[PDB]
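So this one's entry.txt, compact mmCIF, N, CA, C and O atoms and all ligand atoms:
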# COMPACT_ATOMS: atom_id res chain seq x y z
N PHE A 1 0.86 -1.22 0.00
CA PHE A 1 0.00 0.00 0.00
C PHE A 1 0.88 1.25 0.00
O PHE A 1 1.26 1.76 -1.04
N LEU A 2 1.20 1.76 1.16
CA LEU A 2 2.04 2.99 1.25
C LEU A 2 3.41 2.76 0.61
O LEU A 2 3.94 3.62 -0.07
N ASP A 3 4.01 1.63 0.83
CA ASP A 3 5.36 1.38 0.25
C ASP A 3 5.28 1.39 -1.28
O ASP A 3 6.13 1.93 -1.96
N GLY A 4 4.25 0.80 -1.83
CA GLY A 4 4.11 0.79 -3.31
C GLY A 4 3.99 2.22 -3.81
O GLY A 4 4.53 2.58 -4.85
N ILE A 5 3.30 3.05 -3.09
CA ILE A 5 3.13 4.46 -3.51
C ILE A 5 4.48 5.19 -3.46
O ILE A 5 4.78 6.00 -4.32
N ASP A 6 5.28 4.94 -2.47
CA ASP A 6 6.58 5.66 -2.37
C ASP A 6 7.43 5.35 -3.61
O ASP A 6 7.99 6.25 -4.22
N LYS A 7 7.53 4.12 -4.00
CA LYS A 7 8.33 3.79 -5.21
C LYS A 7 7.62 4.33 -6.45
O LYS A 7 8.23 4.85 -7.36
N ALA A 8 6.32 4.20 -6.49
CA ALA A 8 5.54 4.70 -7.66
C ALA A 8 5.58 6.23 -7.71
O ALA A 8 5.63 6.82 -8.77
N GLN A 9 5.55 6.86 -6.57
CA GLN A 9 5.56 8.36 -6.54
C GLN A 9 6.87 8.89 -7.15
O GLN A 9 7.95 8.43 -6.82
N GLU A 10 6.77 9.85 -8.03
CA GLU A 10 8.00 10.43 -8.65
C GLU A 10 7.68 11.84 -9.19
O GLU A 10 6.84 12.53 -8.65
N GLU A 11 8.33 12.26 -10.24
CA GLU A 11 8.07 13.62 -10.80
C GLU A 11 6.82 13.58 -11.68
O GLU A 11 6.45 12.55 -12.22
N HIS A 12 6.16 14.70 -11.84
CA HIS A 12 4.94 14.74 -12.70
C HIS A 12 5.35 14.62 -14.17
O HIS A 12 5.41 15.60 -14.89
N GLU A 13 5.65 13.42 -14.62
CA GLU A 13 6.07 13.22 -16.04
C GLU A 13 4.89 12.70 -16.86
O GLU A 13 3.74 12.90 -16.52
N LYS A 14 5.17 12.03 -17.95
CA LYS A 14 4.08 11.48 -18.81
C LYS A 14 3.38 10.34 -18.08
O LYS A 14 2.21 10.09 -18.26
N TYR A 15 4.11 9.63 -17.26
CA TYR A 15 3.50 8.50 -16.51
C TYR A 15 2.36 9.02 -15.64
O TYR A 15 1.32 8.40 -15.53
N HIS A 16 2.53 10.17 -15.04
CA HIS A 16 1.45 10.72 -14.18
C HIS A 16 0.19 10.94 -15.04
O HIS A 16 -0.91 10.67 -14.60
N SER A 17 0.34 11.42 -16.24
CA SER A 17 -0.86 11.64 -17.09
C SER A 17 -1.57 10.30 -17.30
O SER A 17 -2.76 10.18 -17.11
N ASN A 18 -0.83 9.28 -17.68
CA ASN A 18 -1.45 7.94 -17.88
C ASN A 18 -1.28 7.11 -16.61
O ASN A 18 -0.29 6.43 -16.43
N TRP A 19 -2.24 7.17 -15.72
CA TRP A 19 -2.12 6.38 -14.46
C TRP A 19 -2.26 4.88 -14.76
O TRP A 19 -1.75 4.05 -14.04
N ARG A 20 -2.95 4.53 -15.81
CA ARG A 20 -3.13 3.09 -16.14
C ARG A 20 -1.77 2.43 -16.39
O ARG A 20 -1.53 1.31 -15.98
N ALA A 21 -0.88 3.12 -17.05
CA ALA A 21 0.46 2.52 -17.31
C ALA A 21 1.15 2.20 -15.99
O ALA A 21 1.73 1.14 -15.81
N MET A 22 1.10 3.10 -15.05
CA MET A 22 1.75 2.86 -13.73
C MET A 22 1.13 1.64 -13.06
O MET A 22 1.82 0.82 -12.49
N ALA A 23 -0.16 1.52 -13.11
CA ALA A 23 -0.82 0.35 -12.47
C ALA A 23 -0.32 -0.94 -13.13
O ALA A 23 -0.06 -1.93 -12.47
N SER A 24 -0.17 -0.93 -14.42
CA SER A 24 0.33 -2.15 -15.13
C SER A 24 1.80 -2.38 -14.79
O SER A 24 2.24 -3.50 -14.60
N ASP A 25 2.57 -1.33 -14.73
CA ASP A 25 4.02 -1.48 -14.42
C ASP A 25 4.20 -2.12 -13.05
O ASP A 25 5.06 -2.95 -12.84
N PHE A 26 3.39 -1.73 -12.09
CA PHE A 26 3.50 -2.31 -10.72
C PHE A 26 2.45 -3.41 -10.53
O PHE A 26 2.35 -4.01 -9.48
N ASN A 27 1.67 -3.67 -11.54
CA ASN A 27 0.63 -4.72 -11.43
C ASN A 27 -0.25 -4.47 -10.21
O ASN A 27 -0.56 -5.38 -9.46
N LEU A 28 -0.66 -3.25 -9.99
CA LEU A 28 -1.54 -2.92 -8.82
C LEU A 28 -2.91 -2.50 -9.37
O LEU A 28 -3.00 -1.98 -10.46
N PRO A 29 -3.97 -2.72 -8.63
CA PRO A 29 -5.33 -2.34 -9.11
C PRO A 29 -5.47 -0.80 -9.17
O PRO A 29 -4.90 -0.10 -8.36
N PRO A 30 -6.21 -0.27 -10.12
CA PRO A 30 -6.39 1.20 -10.27
C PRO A 30 -6.56 1.92 -8.93
O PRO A 30 -6.42 3.12 -8.84
N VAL A 31 -6.89 1.21 -7.89
CA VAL A 31 -7.10 1.88 -6.58
C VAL A 31 -5.83 2.60 -6.13
O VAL A 31 -5.87 3.75 -5.76
N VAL A 32 -4.71 1.94 -6.14
CA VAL A 32 -3.46 2.62 -5.70
C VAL A 32 -3.09 3.73 -6.70
O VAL A 32 -2.69 4.81 -6.33
N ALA A 33 -3.22 3.45 -7.97
CA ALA A 33 -2.87 4.47 -8.99
C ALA A 33 -3.77 5.70 -8.84
O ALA A 33 -3.31 6.83 -8.91
N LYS A 34 -5.04 5.51 -8.64
CA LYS A 34 -5.97 6.67 -8.48
C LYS A 34 -5.55 7.50 -7.26
O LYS A 34 -5.61 8.72 -7.29
N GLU A 35 -5.15 6.87 -6.20
CA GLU A 35 -4.75 7.65 -4.99
C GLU A 35 -3.58 8.58 -5.34
O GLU A 35 -3.53 9.71 -4.90
N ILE A 36 -2.65 8.12 -6.12
CA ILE A 36 -1.50 9.00 -6.49
C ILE A 36 -2.03 10.20 -7.26
O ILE A 36 -1.60 11.32 -7.07
N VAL A 37 -2.98 9.99 -8.13
CA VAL A 37 -3.56 11.11 -8.91
C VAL A 37 -4.25 12.08 -7.94
O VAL A 37 -4.18 13.28 -8.08
N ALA A 38 -4.93 11.55 -6.96
CA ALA A 38 -5.63 12.41 -5.97
C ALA A 38 -4.60 13.20 -5.16
O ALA A 38 -4.81 14.35 -4.83
N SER A 39 -3.49 12.59 -4.82
CA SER A 39 -2.46 13.31 -4.01
C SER A 39 -1.74 14.35 -4.87
O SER A 39 -1.46 15.44 -4.43
N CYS A 40 -1.45 14.03 -6.10
CA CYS A 40 -0.76 15.02 -6.97
C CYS A 40 -1.78 16.08 -7.42
O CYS A 40 -2.70 15.79 -8.15
N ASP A 41 -1.62 17.29 -6.96
CA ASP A 41 -2.58 18.37 -7.33
C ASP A 41 -2.60 18.56 -8.85
O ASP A 41 -3.63 18.78 -9.44
N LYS A 42 -1.46 18.51 -9.48
CA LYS A 42 -1.42 18.71 -10.96
C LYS A 42 -2.26 17.63 -11.65
O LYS A 42 -2.95 17.90 -12.61
N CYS A 43 -2.20 16.41 -11.19
CA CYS A 43 -2.99 15.33 -11.85
C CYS A 43 -4.46 15.42 -11.42
O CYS A 43 -5.35 15.00 -12.13
N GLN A 44 -4.72 15.95 -10.25
CA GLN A 44 -6.13 16.03 -9.77
C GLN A 44 -6.87 17.16 -10.48
O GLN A 44 -7.70 16.94 -11.34
N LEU A 45 -6.60 18.38 -10.11
CA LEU A 45 -7.31 19.52 -10.75
C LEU A 45 -6.81 19.69 -12.19
O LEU A 45 -5.62 19.64 -12.45
N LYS A 46 -7.70 19.89 -13.12
CA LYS A 46 -7.28 20.06 -14.53
C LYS A 46 -7.04 21.55 -14.79
O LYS A 46 -5.92 22.02 -14.78
N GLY A 47 -8.09 22.30 -15.00
CA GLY A 47 -7.93 23.76 -15.25
C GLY A 47 -7.86 24.49 -13.91
O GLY A 47 -7.74 23.88 -12.86
N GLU A 48 -7.92 25.79 -13.93
CA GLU A 48 -7.85 26.56 -12.66
C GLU A 48 -9.21 26.52 -11.96
O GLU A 48 -10.25 26.42 -12.59
N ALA A 49 -9.23 26.58 -10.65
CA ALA A 49 -10.52 26.53 -9.91
C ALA A 49 -11.30 27.83 -10.16
O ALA A 49 -12.03 27.95 -11.12
N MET A 50 -11.14 28.79 -9.30
CA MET A 50 -11.86 30.08 -9.46
C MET A 50 -11.16 30.94 -10.51
O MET A 50 -9.98 30.80 -10.75
N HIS A 51 -11.88 31.83 -11.14
CA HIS A 51 -11.25 32.70 -12.16
C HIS A 51 -10.43 33.78 -11.45
O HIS A 51 -9.79 34.61 -12.07
N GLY A 52 -10.45 33.78 -10.14
CA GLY A 52 -9.68 34.80 -9.37
C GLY A 52 -10.50 36.09 -9.30
O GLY A 52 -11.48 36.18 -8.58
N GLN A 53 -10.10 37.09 -10.03
CA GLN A 53 -10.84 38.39 -10.02
C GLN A 53 -10.78 39.01 -11.41
O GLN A 53 -9.93 38.68 -12.21
N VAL A 54 -11.69 39.91 -11.72
CA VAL A 54 -11.68 40.55 -13.07
C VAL A 54 -10.97 41.90 -12.98
O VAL A 54 -11.35 42.76 -12.21
N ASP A 55 -9.95 42.09 -13.76
CA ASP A 55 -9.21 43.39 -13.73
C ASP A 55 -9.91 44.39 -14.65
O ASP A 55 -9.50 45.54 -14.66
N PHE B 1 -8.92 -4.65 -1.83
CA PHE B 1 -8.80 -3.39 -2.62
C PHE B 1 -10.17 -2.98 -3.16
O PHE B 1 -10.92 -2.27 -2.52
N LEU B 2 -10.49 -3.42 -4.35
CA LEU B 2 -11.81 -3.05 -4.96
C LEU B 2 -12.97 -3.55 -4.10
O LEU B 2 -13.96 -2.86 -3.91
N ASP B 3 -12.88 -4.74 -3.58
CA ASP B 3 -14.01 -5.27 -2.75
C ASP B 3 -14.19 -4.40 -1.50
O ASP B 3 -15.30 -4.10 -1.10
N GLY B 4 -13.12 -4.00 -0.89
CA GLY B 4 -13.24 -3.14 0.32
C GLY B 4 -13.93 -1.84 -0.05
O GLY B 4 -14.74 -1.31 0.69
N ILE B 5 -13.63 -1.32 -1.21
CA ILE B 5 -14.26 -0.04 -1.65
C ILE B 5 -15.76 -0.25 -1.87
O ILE B 5 -16.56 0.61 -1.56
N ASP B 6 -16.15 -1.35 -2.44
CA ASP B 6 -17.60 -1.57 -2.70
C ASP B 6 -18.38 -1.53 -1.39
O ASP B 6 -19.39 -0.87 -1.28
N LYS B 7 -17.91 -2.21 -0.38
CA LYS B 7 -18.64 -2.19 0.92
C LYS B 7 -18.50 -0.80 1.55
O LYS B 7 -19.43 -0.26 2.11
N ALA B 8 -17.34 -0.22 1.45
CA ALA B 8 -17.11 1.13 2.03
C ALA B 8 -17.91 2.18 1.25
O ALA B 8 -18.42 3.13 1.82
N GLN B 9 -18.01 2.02 -0.04
CA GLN B 9 -18.76 3.02 -0.86
C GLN B 9 -20.24 3.05 -0.45
O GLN B 9 -20.87 2.03 -0.30
N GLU B 10 -20.78 4.23 -0.26
CA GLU B 10 -22.22 4.34 0.13
C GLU B 10 -22.73 5.74 -0.24
O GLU B 10 -22.27 6.35 -1.19
N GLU B 11 -23.67 6.26 0.51
CA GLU B 11 -24.21 7.62 0.20
C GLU B 11 -23.27 8.69 0.76
O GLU B 11 -22.54 8.46 1.70
N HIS B 12 -23.30 9.87 0.19
CA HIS B 12 -22.41 10.96 0.69
C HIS B 12 -22.95 11.47 2.03
O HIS B 12 -23.60 12.49 2.10
N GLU B 13 -22.69 10.75 3.09
CA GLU B 13 -23.18 11.16 4.44
C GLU B 13 -22.05 11.84 5.22
O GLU B 13 -21.12 12.37 4.66
N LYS B 14 -22.14 11.83 6.53
CA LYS B 14 -21.08 12.46 7.37
C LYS B 14 -19.80 11.64 7.27
O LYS B 14 -18.71 12.15 7.38
N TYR B 15 -19.93 10.35 7.09
CA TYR B 15 -18.73 9.48 6.99
C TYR B 15 -17.87 9.95 5.81
O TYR B 15 -16.66 9.98 5.89
N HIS B 16 -18.49 10.31 4.72
CA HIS B 16 -17.69 10.78 3.55
C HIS B 16 -16.87 12.01 3.95
O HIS B 16 -15.72 12.14 3.57
N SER B 17 -17.44 12.91 4.70
CA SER B 17 -16.66 14.11 5.11
C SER B 17 -15.43 13.66 5.90
O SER B 17 -14.32 14.07 5.63
N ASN B 18 -15.62 12.81 6.87
CA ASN B 18 -14.46 12.32 7.68
C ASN B 18 -13.98 10.98 7.09
O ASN B 18 -14.46 9.93 7.46
N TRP B 19 -13.05 11.02 6.18
CA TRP B 19 -12.55 9.75 5.58
C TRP B 19 -11.74 8.96 6.62
O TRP B 19 -11.65 7.75 6.55
N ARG B 20 -11.15 9.64 7.57
CA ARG B 20 -10.34 8.92 8.60
C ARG B 20 -11.22 7.93 9.36
O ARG B 20 -10.80 6.83 9.67
N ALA B 21 -12.43 8.30 9.68
CA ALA B 21 -13.32 7.37 10.42
C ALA B 21 -13.53 6.09 9.60
O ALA B 21 -13.47 4.99 10.12
N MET B 22 -13.77 6.23 8.33
CA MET B 22 -13.99 5.03 7.47
C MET B 22 -12.74 4.15 7.48
O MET B 22 -12.83 2.94 7.56
N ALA B 23 -11.59 4.74 7.39
CA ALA B 23 -10.34 3.93 7.40
C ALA B 23 -10.24 3.16 8.71
O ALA B 23 -9.86 2.01 8.74
N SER B 24 -10.59 3.79 9.80
CA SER B 24 -10.52 3.09 11.12
C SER B 24 -11.61 2.01 11.19
O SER B 24 -11.40 0.93 11.70
N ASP B 25 -12.78 2.31 10.69
CA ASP B 25 -13.89 1.32 10.74
C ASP B 25 -13.49 0.05 9.97
O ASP B 25 -13.78 -1.05 10.38
N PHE B 26 -12.83 0.21 8.85
CA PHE B 26 -12.41 -0.98 8.04
C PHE B 26 -10.94 -1.30 8.32
O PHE B 26 -10.38 -2.22 7.77
N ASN B 27 -10.32 -0.54 9.18
CA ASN B 27 -8.89 -0.80 9.50
C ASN B 27 -8.06 -0.84 8.21
O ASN B 27 -7.22 -1.71 8.04
N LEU B 28 -8.28 0.08 7.31
CA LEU B 28 -7.49 0.11 6.03
C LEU B 28 -6.63 1.38 6.05
O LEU B 28 -6.99 2.36 6.65
N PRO B 29 -5.49 1.36 5.40
CA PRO B 29 -4.60 2.56 5.37
C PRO B 29 -5.25 3.71 4.57
O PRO B 29 -5.95 3.46 3.61
N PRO B 30 -5.05 4.95 4.96
CA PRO B 30 -5.65 6.12 4.26
C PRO B 30 -5.64 5.97 2.73
O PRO B 30 -6.34 6.67 2.03
N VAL B 31 -4.83 5.10 2.21
CA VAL B 31 -4.76 4.95 0.74
C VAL B 31 -6.13 4.56 0.17
O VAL B 31 -6.61 5.17 -0.78
N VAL B 32 -6.76 3.57 0.71
CA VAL B 32 -8.09 3.17 0.16
C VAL B 32 -9.12 4.27 0.45
O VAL B 32 -9.93 4.61 -0.39
N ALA B 33 -9.08 4.83 1.63
CA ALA B 33 -10.06 5.90 1.98
C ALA B 33 -9.88 7.11 1.05
O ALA B 33 -10.84 7.68 0.57
N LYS B 34 -8.66 7.50 0.79
CA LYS B 34 -8.42 8.66 -0.11
C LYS B 34 -8.98 8.38 -1.50
O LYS B 34 -9.54 9.24 -2.14
N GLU B 35 -8.84 7.17 -1.99
CA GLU B 35 -9.36 6.86 -3.34
C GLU B 35 -10.87 7.09 -3.38
O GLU B 35 -11.40 7.60 -4.34
N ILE B 36 -11.58 6.73 -2.34
CA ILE B 36 -13.05 6.95 -2.34
C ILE B 36 -13.33 8.46 -2.43
O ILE B 36 -14.22 8.89 -3.13
N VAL B 37 -12.55 9.25 -1.74
CA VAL B 37 -12.74 10.72 -1.79
C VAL B 37 -12.47 11.20 -3.22
O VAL B 37 -13.15 12.06 -3.74
N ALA B 38 -11.47 10.65 -3.84
CA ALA B 38 -11.13 11.06 -5.23
C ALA B 38 -12.27 10.65 -6.18
O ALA B 38 -12.61 11.36 -7.10
N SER B 39 -12.85 9.50 -5.96
CA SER B 39 -13.95 9.04 -6.86
C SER B 39 -15.22 9.85 -6.60
O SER B 39 -15.93 10.22 -7.52
N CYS B 40 -15.52 10.15 -5.37
CA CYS B 40 -16.75 10.94 -5.08
C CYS B 40 -16.48 12.40 -5.43
O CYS B 40 -15.67 13.07 -4.81
N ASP B 41 -17.14 12.90 -6.44
CA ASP B 41 -16.91 14.32 -6.86
C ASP B 41 -17.25 15.27 -5.72
O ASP B 41 -16.57 16.26 -5.50
N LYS B 42 -18.30 15.00 -4.99
CA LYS B 42 -18.67 15.92 -3.87
C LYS B 42 -17.54 15.97 -2.84
O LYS B 42 -17.24 17.02 -2.31
N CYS B 43 -16.91 14.87 -2.56
CA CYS B 43 -15.81 14.88 -1.55
C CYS B 43 -14.53 15.44 -2.19
O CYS B 43 -13.68 15.98 -1.51
N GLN B 44 -14.37 15.30 -3.47
CA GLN B 44 -13.13 15.81 -4.13
C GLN B 44 -13.17 17.33 -4.27
O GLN B 44 -12.50 18.04 -3.56
N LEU B 45 -13.95 17.82 -5.19
CA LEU B 45 -14.02 19.30 -5.38
C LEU B 45 -14.77 19.93 -4.21
O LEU B 45 -15.80 19.45 -3.78
N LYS B 46 -14.26 21.01 -3.68
CA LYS B 46 -14.94 21.68 -2.54
C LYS B 46 -15.92 22.71 -3.09
O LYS B 46 -17.11 22.46 -3.18
N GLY B 47 -15.43 23.85 -3.48
CA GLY B 47 -16.33 24.90 -4.04
C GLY B 47 -16.53 24.64 -5.54
O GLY B 47 -16.16 23.61 -6.05
N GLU B 48 -17.12 25.57 -6.23
CA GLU B 48 -17.35 25.38 -7.69
C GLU B 48 -16.06 25.66 -8.46
O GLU B 48 -15.23 26.45 -8.04
N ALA B 49 -15.86 25.01 -9.57
CA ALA B 49 -14.61 25.23 -10.36
C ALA B 49 -14.63 26.63 -10.97
O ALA B 49 -14.23 27.59 -10.35
N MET B 50 -15.10 26.74 -12.18
CA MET B 50 -15.15 28.07 -12.85
C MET B 50 -16.35 28.86 -12.33
O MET B 50 -17.33 28.30 -11.88
N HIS B 51 -16.28 30.16 -12.41
CA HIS B 51 -17.42 30.99 -11.93
C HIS B 51 -18.54 30.93 -12.98
O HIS B 51 -19.59 31.51 -12.82
N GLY B 52 -18.30 30.24 -14.07
CA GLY B 52 -19.33 30.14 -15.14
C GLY B 52 -19.27 31.39 -16.02
O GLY B 52 -18.36 31.56 -16.81
N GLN B 53 -20.22 32.27 -15.89
CA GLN B 53 -20.23 33.51 -16.72
C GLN B 53 -20.82 34.66 -15.89
O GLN B 53 -21.53 34.43 -14.92
N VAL B 54 -20.55 35.88 -16.26
CA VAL B 54 -21.10 37.04 -15.49
C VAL B 54 -22.36 37.56 -16.18
O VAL B 54 -22.34 37.92 -17.34
N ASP B 55 -23.46 37.59 -15.48
CA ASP B 55 -24.72 38.09 -16.09
C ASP B 55 -24.77 39.61 -15.98
O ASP B 55 -25.69 40.19 -16.53
ZN ZN A 101 1.42 14.50 -11.12
ZN ZN A 102 -19.03 11.72 -1.04
I need this file expressed as structure tokens, please.
Amino acid sequence: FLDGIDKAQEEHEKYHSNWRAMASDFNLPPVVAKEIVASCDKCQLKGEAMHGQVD
Amino acid sequence: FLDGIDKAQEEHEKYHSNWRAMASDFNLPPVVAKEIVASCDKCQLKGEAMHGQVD
């Protein structure tokens, strides 16, 4: 569980975009791969949340 | 993994807000509990994403 995530966790590269590849590389069910996406803010949120303010 | 999520998965009640309680109830590491939060859109996104449009 946590140990698999530590080795799987790395820089936000192309592997982060395709979480399915990581699950196959470690042969783990999408459950562990999805958690990494949830922890990585870049992989979780796509566009910006609020528009901020109008200048 | 997936089987634990099916039993853990339910309606968005108070348990969904406190994911730590669910992990203790099933004695599973925050990894499985976090995945449920990532899958449940209500638990994942807090406020609204884009402001939509200005009327
Ligand atoms: Zn990432
Ligand atoms: Zn929920």
| field | Pick from B:31, B:37, B:21, B:2 nearest to ligand ZN 102 (chain A), counting only C-alpha atoms and all ligand atoms | value |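 Among the listed residues, B:37 lies closest to ligand ZN 102 (chain A).
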Using all atoms listed in the file, determine which residues of chain A fall within 5 Å of chain B; present them as a PDB file with N, CA, C and O atoms, in the frame of the given file.
ATOM      1  N   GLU A  35      -5.150   6.870  -6.200  1.00  0.00           N
ATOM      2  CA  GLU A  35      -4.750   7.650  -4.990  1.00  0.00           C
ATOM      3  C   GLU A  35      -3.580   8.580  -5.340  1.00  0.00           C
ATOM      4  O   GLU A  35      -3.530   9.710  -4.900  1.00  0.00           O
ATOM      5  N   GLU A  48      -7.920  25.790 -13.930  1.00  0.00           N
ATOM      6  CA  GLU A  48      -7.850  26.560 -12.660  1.00  0.00           C
ATOM      7  C   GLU A  48      -9.210  26.520 -11.960  1.00  0.00           C
ATOM      8  O   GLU A  48     -10.250  26.420 -12.590  1.00  0.00           O
ATOM      9  N   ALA A  49      -9.230  26.580 -10.650  1.00  0.00           N
ATOM     10  CA  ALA A  49     -10.520  26.530  -9.910  1.00  0.00           C
ATOM     11  C   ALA A  49     -11.300  27.830 -10.160  1.00  0.00           C
ATOM     12  O   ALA A  49     -12.030  27.950 -11.120  1.00  0.00           O
ATOM     13  N   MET A  50     -11.140  28.790  -9.300  1.00  0.00           N
ATOM     14  CA  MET A  50     -11.860  30.080  -9.460  1.00  0.00           C
ATOM     15  C   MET A  50     -11.160  30.940 -10.510  1.00  0.00           C
ATOM     16  O   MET A  50      -9.980  30.800 -10.750  1.00  0.00           O
ATOM     17  N   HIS A  51     -11.880  31.830 -11.140  1.00  0.00           N
ATOM     18  CA  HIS A  51     -11.250  32.700 -12.160  1.00  0.00           C
ATOM     19  C   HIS A  51     -10.430  33.780 -11.450  1.00  0.00           C
ATOM     20  O   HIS A  51      -9.790  34.610 -12.070  1.00  0.00           O
TER      21      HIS A  51
END
For ligand ZN 101 (chain A), return the neighbouring residues as a JSON list (two decimals) with N, CA, C and O atoms, keeping the file's coordinate frame (distance at most 6 Å; all atoms listed in the file).
[["chain", "number", "residue", "atom", "x", "y", "z"],
["A", 11, "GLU", "N", 8.33, 12.26, -10.24],
["A", 11, "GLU", "CA", 8.07, 13.62, -10.80],
["A", 11, "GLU", "C", 6.82, 13.58, -11.68],
["A", 11, "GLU", "O", 6.45, 12.55, -12.22],
["A", 12, "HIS", "N", 6.16, 14.70, -11.84],
["A", 12, "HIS", "CA", 4.94, 14.74, -12.70],
["A", 12, "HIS", "C", 5.35, 14.62, -14.17],
["A", 12, "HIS", "O", 5.41, 15.60, -14.89],
["A", 13, "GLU", "N", 5.65, 13.42, -14.62],
["A", 13, "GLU", "CA", 6.07, 13.22, -16.04],
["A", 13, "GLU", "C", 4.89, 12.70, -16.86],
["A", 13, "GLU", "O", 3.74, 12.90, -16.52],
["A", 16, "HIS", "N", 2.53, 10.17, -15.04],
["A", 16, "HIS", "CA", 1.45, 10.72, -14.18],
["A", 16, "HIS", "C", 0.19, 10.94, -15.04],
["A", 16, "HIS", "O", -0.91, 10.67, -14.60],
["A", 36, "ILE", "N", -2.65, 8.12, -6.12],
["A", 36, "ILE", "CA", -1.50, 9.00, -6.49],
["A", 36, "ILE", "C", -2.03, 10.20, -7.26],
["A", 36, "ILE", "O", -1.60, 11.32, -7.07],
["A", 40, "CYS", "N", -1.45, 14.03, -6.10],
["A", 40, "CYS", "CA", -0.76, 15.02, -6.97],
["A", 40, "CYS", "C", -1.78, 16.08, -7.42],
["A", 40, "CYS", "O", -2.70, 15.79, -8.15],
["A", 41, "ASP", "N", -1.62, 17.29, -6.96],
["A", 41, "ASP", "CA", -2.58, 18.37, -7.33],
["A", 41, "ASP", "C", -2.60, 18.56, -8.85],
["A", 41, "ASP", "O", -3.63, 18.78, -9.44],
["A", 42, "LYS", "N", -1.46, 18.51, -9.48],
["A", 42, "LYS", "CA", -1.42, 18.71, -10.96],
["A", 42, "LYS", "C", -2.26, 17.63, -11.65],
["A", 42, "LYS", "O", -2.95, 17.90, -12.61],
["A", 43, "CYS", "N", -2.20, 16.41, -11.19],
["A", 43, "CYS", "CA", -2.99, 15.33, -11.85],
["A", 43, "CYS", "C", -4.46, 15.42, -11.42],
["A", 43, "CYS", "O", -5.35, 15.00, -12.13]]
| query | By how many Å are CA of residue 20 (chain B) and CA of residue 3 (chain B) apart? | reply | 18.5 Å
| request: Please give the complete set of residues from chain B that DSSP, run on the backbone, assigns to helix (DSSP H, G or I), formatted as a PyMOL selection string. | output: chain B and resi 2-8+14-17+19-26+30-39+41-44
| task | Grab the atom C of residue 6 (chain A) to CA of residue 15 (chain B) distance for me, in Å with one decimal place. | result |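 Separating atom C of residue 6 (chain A) from CA of residue 15 (chain B) is a distance of 28.5 Å.
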Please write out, as lines of an AutoDock Vina configuration file, where the centre of an axis-aligned box around all listed atoms of region 18-35 of chain A lies and how long its edges are, in Å to one decimal, after adding 8 Å on each side.
center_x = -1.0
center_y = 2.2
center_z = -11.4
size_x = 28.2
size_y = 31.1
size_z = 29.0
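Atom C of residue 10 (chain A) lies 16.1 Å from atom O of residue 23 (chain A).
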